[PDB]
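Single-structure report; data block below.
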Number of protein chains: 2
Amino acid sequence: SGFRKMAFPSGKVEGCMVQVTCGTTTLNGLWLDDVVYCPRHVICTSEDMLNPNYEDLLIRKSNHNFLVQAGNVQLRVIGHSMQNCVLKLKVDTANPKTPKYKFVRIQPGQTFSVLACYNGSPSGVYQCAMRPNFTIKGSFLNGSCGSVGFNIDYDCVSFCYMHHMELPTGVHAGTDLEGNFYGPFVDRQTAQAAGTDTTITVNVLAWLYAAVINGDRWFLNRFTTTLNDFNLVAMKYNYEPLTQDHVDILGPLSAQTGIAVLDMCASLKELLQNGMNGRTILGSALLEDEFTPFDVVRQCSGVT
Amino acid sequence: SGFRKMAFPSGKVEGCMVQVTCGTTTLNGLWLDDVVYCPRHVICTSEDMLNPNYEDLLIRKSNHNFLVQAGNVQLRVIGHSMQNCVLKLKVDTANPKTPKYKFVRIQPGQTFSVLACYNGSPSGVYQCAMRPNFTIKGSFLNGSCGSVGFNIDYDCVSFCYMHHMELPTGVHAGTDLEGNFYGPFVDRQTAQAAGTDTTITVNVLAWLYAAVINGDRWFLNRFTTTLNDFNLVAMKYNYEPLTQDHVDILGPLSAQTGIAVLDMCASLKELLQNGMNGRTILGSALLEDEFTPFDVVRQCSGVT
Ligand SMILES: CC(=O)NCc1cc(Cl)cc(CC(=O)Nc2cnccc2C)c1
Ligand SMILES: CC(=O)NCc1cc(Cl)cc(CC(=O)Nc2cnccc2C)c1
């Protein structure tokens, strides 16, 4: 028993982290096979960052201008190319620690582990979610760019995120491993609207199932609701509309606890309308939305 | 910016995890050098666990009865011994992935990362604190015994905890790497009083400094307090008494933000007496006590 915001073990990813330096800028790179992936703003100076012409900036750079260091050993760069907002640096050596991996574009509401890195070295690992507005509420400082988000299935690391920037609002923006930003964000120092964020309804319900599994049951009630009535409440409280697909993904949790999804929705409805009344659920005084139904099942069953 | 419950990167510890089987019981072991450390209840059966005579149970076991598997390879056991509540299995091979390490007995209120494991394989990593009552509020299931807690300083892994059991109250108990339980707990199936827990006052103040650093300042007020007046409030709310040593450890955070410790105590006092009023601090609706002042400095400065 017990429920924690658990991250995947970071070992397979620690072995891929490298430091990439170009000109005066140093950030993190991801070494998989003979390729190092890193944000393309590594080629910019502070003056360049207001409206950088990346194509022009990259033209002034040669393979020898990108300094890639893995721990203490220097990697030899034999090719460079830009794909969307990432640079792909071909190196003459395949990373001997390359795990089985995939590049995936996660959906908003999905979660992943982030290995925060500075100068190619890891500092910590934390679990987070891609917000409905495509930002991530992370913990990142200057030099953390190039840190990656990932998931792990048995032996395969699915890389889903690469950190690029912090918005003026303190939230974080980045790309998939093909360099496509999640959201409307561009890699330039300009005003950027993050957009209205909502609460991940299906995740809150999953976390309510995790609470029941771990003995926290005070919020269960004698009521039920319908998808339409629950969605009127979700609208009022900036919760994502719950769909039949969400109800279906909650099936395993509904089967394990014997609490129908719509009965759990009525608990969520009462909690939204009345609050916690000074009480807690799984050590939290607010409704947690950074656990997917899959995360709850994985943690409550002990999948390694 | 941003503040997260961040764990240390788990790689150095993943490389030490092994599976230990004895009789019908399988749990996790920690392979450092030519020694595998694991909970001594690995030698018990379910009937034995009510009042096990460990010395007698271990006498019926030989080196060949302890099956130690590292990934997919079997380790040869050449010695076995019991030290307090841990078994030390000498193996004929030193772990090639043994990091630089120390065995440390952490103090209550200190934090550490836990690498939860099942059958010698890691499932996740989370940050937690040794509660003042010497329990840990973790996420552990059957088979997680032997999972370890640790801290990392540059290249040295300080092992501080080994998971042994779950109390009937759902909280977790375990030992240092010498087999000494933290707290009054014994490794037997009996009633065990966890004892009154308190809130780690110095950690809440550190987290209040982290909040100011990251823009959350709504709780700052026009008031100050004294150590004695603040401690009367801490008593009333089951908060640990704040001492001059705590004030001193908060010095770096006080220097960085320019907010005197006693002024921050007056903010904490007002928050304890009036609550959050439906607001949040660093995404939390309650006062967080699982970040030490050192954790705050490390995260806010990006130490790798
Ligand atoms: C406001 C802003 O940062 N816009 C321009 C911009 C656009 C890009 Cl592609 C990159 C950067 C640097 C950057 O944001 N780094 C960073 C990352 N995470 C935490 C803290 C920092 C300082 C800056
Ligand atoms: C109530 C109780 O567990 N007492 C006896 C006892 C004492 C000891 Cl040394 C060990 C065990 C097993 C045990 O608690 N395992 C476990 C660990 N973490 C999470 C879930 C589980 C089931 C059992």
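Quick note: the coordinates plus some simple rules give every number you see, no bench work behind them. Neighbour counts run over all protein chains shown; Cβ positions are idealised from the backbone, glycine included.
Just checking, does the range B:152-166 include any residue being farther than 24 Å from B:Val35 by Cα and within 16 Å of ligand 2 (Cβ to nearest atom)?
First pass over the range B:152-166, keeping only residues farther than 24 Å from B:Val35 by Cα: B:166.
Add one more test, that the residue is within 16 Å of ligand 2 (Cβ to nearest atom), and what stays is B:166.
Yes - at least one qualifying residue is present in the range B:152-166.
For the range B:78-91, check the following and say yes or no: at least one residue is in a strand (DSSP E or B) and closer than 30 Å to B:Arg4 by Cβ. Within the range B:78-91, none of the residues are in a strand (DSSP E or B) and closer than 30 Å to B:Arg4 by Cβ. How many residues are of a type outside the set (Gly, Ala, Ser) and under 24 Å from A:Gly283 (Cβ atoms) when one looks only at the range A:213-237? Of the residues in the range A:213-237, 9 are of a type outside the set (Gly, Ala, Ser) and under 24 Å from A:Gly283 (Cβ atoms).
The single condition among (1) more than 16 Å from ligand 1 (Cβ to nearest atom); (2) touching a helix residue (DSSP H, G or I) at 6+ places or on another chain (Cβ under 7 Å); (3) outside any strand (DSSP E or B) that B:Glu55 does not meet is (2).
Examine the range A:274-289 for a residue that is more than 13 Å from chain B (Cβ to nearest Cβ), surrounded by 18 or more Cβ atoms within 10 Å (Cβ to Cβ) and more than 16 Å from A:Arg217 (Cα to Cα), and state whether such a residue exists. No, that holds for no residue.
Going by what's in this entry, would A:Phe112 be described as under 14 Å from the mean Cα position of the chain (by Cα), away from ligand 1 (no atom under 11 Å from the Cβ) and hydrophobic (A, V, I, L, M, F, W, C)? Before the answer, list the steps.
Numbers: under 14 Å from the mean Cα position of the chain (by Cα): yes; away from ligand 1 (no atom under 11 Å from the Cβ): yes; hydrophobic (A, V, I, L, M, F, W, C): yes.
Answer is yes for this residue.
Rundown of residues vs (1) in contact with a helix residue (DSSP H, G or I) (Cβ under 6 Å, 6 or more places away or on another chain); (2) part of a helix (DSSP H, G or I); (3) under 30 Å from B:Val18 (Cα atoms), yes/no style:
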position: A:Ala234; (1), (2), (3): yes, yes, no
position: A:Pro241; (1), (2), (3): yes, no, no
position: A:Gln256; (1), (2), (3): no, yes, no
position: A:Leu262; (1), (2), (3): no, yes, no
position: A:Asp289; (1), (2), (3): yes, no, no
position: A:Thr304; (1), (2), (3): no, no, yes
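Inside the range B:178-211, residues that are assigned to a helix (DSSP H, G or I), of a type in the set (A, V, I, L, M) and under 13 Å from B:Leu268 (Cα atoms) make up a count of 6. Among the residues of the range A:33-46, none is identified as in a loop (DSSP other than H, G, I, E, B), farther than 19 Å from A:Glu166 by Cβ and within 16 Å of ligand 1 (Cβ to nearest atom). Filtering the range A:130-170 to residues that are over 10 Å from the mean Cα position of the chain (by Cα), under 18 Å from A:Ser10 (Cβ atoms), more than 16 Å from ligand 1 (Cβ to nearest atom) and not hydrophobic (A, V, I, L, M, F, W, C) leaves A:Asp153, A:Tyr154, A:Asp155, A:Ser158.
In the range A:92-104, of all residues being away from chain B (no Cβ under 14 Å) and among the charged types (D, E, K, R), the one that is nearest to A:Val202 (Cα to Cα) corresponds to A:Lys102. Residues in the range B:55-86 that are within 17 Å of B:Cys145 (Cβ to Cβ) and touching a residue at least 40 places away in the same chain (Cβ under 8 Å): B:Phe66, B:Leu67, B:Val68, B:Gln69, B:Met82, B:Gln83, B:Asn84, B:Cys85, B:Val86.
Within the range A:244-288, the residues that satisfy the criterion of being hydroxyl-bearing (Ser, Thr, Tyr) and out of contact with any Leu (no Cβ under 6 Å at 6 or more places or on another chain) are A:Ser254, A:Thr257, A:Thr280, A:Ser284. Residues that are assigned to a strand (DSSP E or B), within 13 Å of chain B (Cβ to nearest Cβ) and surrounded by fewer than 18 Cβ atoms within 10 Å (Cβ to Cβ) within the range A:131-177 comprise just one, A:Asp153.
Output the number of residues of the range B:105-130 satisfying the condition of being part of a loop (DSSP other than H, G, I, E, B) and within 12 Å of chain A (Cβ to nearest Cβ).
Here is the first cut: in the range B:105-130, the residues part of a loop (DSSP other than H, G, I, E, B) are B:105-110, B:119-120, B:130.
After this cut, where a residue has to be within 12 Å of chain A (Cβ to nearest Cβ) as well, the list is B:119-120.
Qualifying residue count, the range B:105-130: 2.
Look at (1) within 30 Å of B:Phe294 (Cα to Cα); (2) touching a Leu at 6+ places or on another chain (Cβ under 8 Å); (3) of a type outside the set (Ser, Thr, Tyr); (4) not in a strand (DSSP E or B) and you find that B:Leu30 fails only one, number (4).
Total residues in the range A:14-28 satisfying the condition of being more than 23 Å from A:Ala191 (Cα to Cα), within 15 Å of ligand 1 (Cβ to nearest atom) and more than 14 Å from chain B (Cβ to nearest Cβ): the figure is 4.
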